[PDB]
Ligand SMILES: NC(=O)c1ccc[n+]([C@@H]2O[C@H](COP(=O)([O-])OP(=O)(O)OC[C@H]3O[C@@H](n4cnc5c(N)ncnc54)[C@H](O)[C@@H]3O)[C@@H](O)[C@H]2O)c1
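Just one chain follows, in the form deposited without the ligand, and it is written as structure tokens.
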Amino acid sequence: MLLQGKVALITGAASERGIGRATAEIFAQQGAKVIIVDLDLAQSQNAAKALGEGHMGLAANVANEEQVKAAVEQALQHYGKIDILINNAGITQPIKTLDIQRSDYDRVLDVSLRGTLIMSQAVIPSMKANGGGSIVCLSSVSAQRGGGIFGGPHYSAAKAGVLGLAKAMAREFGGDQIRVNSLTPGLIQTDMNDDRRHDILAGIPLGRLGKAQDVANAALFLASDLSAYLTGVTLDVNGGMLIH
């Protein structure tokens, strides 16, 4: 029970087959109580109920400061603490550089980058008061190698911005024992019928796509005491797609 007695908040975890839900499931299996925060309250509550007993579902647009703060307050009122924050919320968009409109940039940057800032801002005060915590930020191999997988350049930019933000927060809050680390998943199977799949898989030494559970297990590592001396780390979960 790596997360026995811990409380974890995971954004974007209402969807059944997503990385967020897989992380919630594994966290609950490891003894944590999980707060799922996503756009739809009913979907978030149903996901939390599916995890088991003692979990919570809340609704928030991660780019809405006041809604995020209100949701975090409800979580803190019930659980009294948040030990772990998984900033998993994020959207991709398979368009190319010259097709990125202002509204596309805003949507993609808001969910990943602004949402990570806002949710981290909302949780950090209680983590300081509680003597520490672990924040895991979701980036992407696209931020490191310059896309070429699915998400367009604004997604690569947003997820690279997440890395810069995470490292800056790691440095600022190390003295408060708030560890901040990032995951850079490769090509992960979620919601492969195109011939382009062959080229990508040919570039993965392990010879398979990633699973949501693979990312969840790396998040478990960073959320747990097994990584107590890690902060500012970028942990690649890409099957060798990017070795560097």
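When you see a residue number, it is the position in the sequence shown, counting from 1.
What comes next is about the form solved in complex with the ligand, which is not displayed.
J.: Taking the pose of the ligand in the bound PDB entry and superposing the surrounding C-alphas, is this site open or blocked by backbone or C-beta atoms within 2.4 Å of 3 or more ligand atoms?
T.: Site status open, zero atoms under the 2.4 Å cut.
J.: Name the single residue among 200, 50, 39, 206 that comes within 4.5 Å of the ligand in the bound PDB entry, judging by heavy atoms.
T.: Only one listed residue qualifies here, and that residue is 39.
J.: From the list 71, 118, 166, 138, which entry has a heavy atom within 4.5 Å of the ligand in the bound PDB entry?
T.: Going through each option in turn, the one that passes is 138.
J.: Does residue 89 make contact with the ligand in the bound PDB entry, using a 4.5 Å heavy atom cut-off?
T.: Within the cut-off, so yes.
J.: Given that the partner is absent here, does residue 188 sit within 4.5 Å of the ligand in the bound PDB entry, heavy atoms only?
T.: Judged by the heavy-atom cut-off of 4.5 Å, residue 188 is in contact with the ligand in the bound PDB entry.
J.: Answer with yes or no whether residue 111 is in contact with the ligand in the bound PDB entry, where contact means some heavy atom within 4.5 Å.
T.: Yes, contact at 4.5 Å.
J.: Please determine whether residue 213 contacts the ligand in the bound PDB entry, using a 4.5 Å cut-off between heavy atoms.
T.: Judged by the heavy-atom cut-off of 4.5 Å, residue 213 is well away from the ligand in the bound PDB entry.
J.: Within 4.5 Å of the ligand in the bound PDB entry, counting heavy atoms only, one of 166-174, 138-146, 94-102, 74-82 shows up; tell me which.
T.: In short, 138-146.
J.: In the bound PDB entry, which residues of 113-137 put a heavy atom within 4.5 Å of the ligand?
T.: Contacts from 113-137: none.
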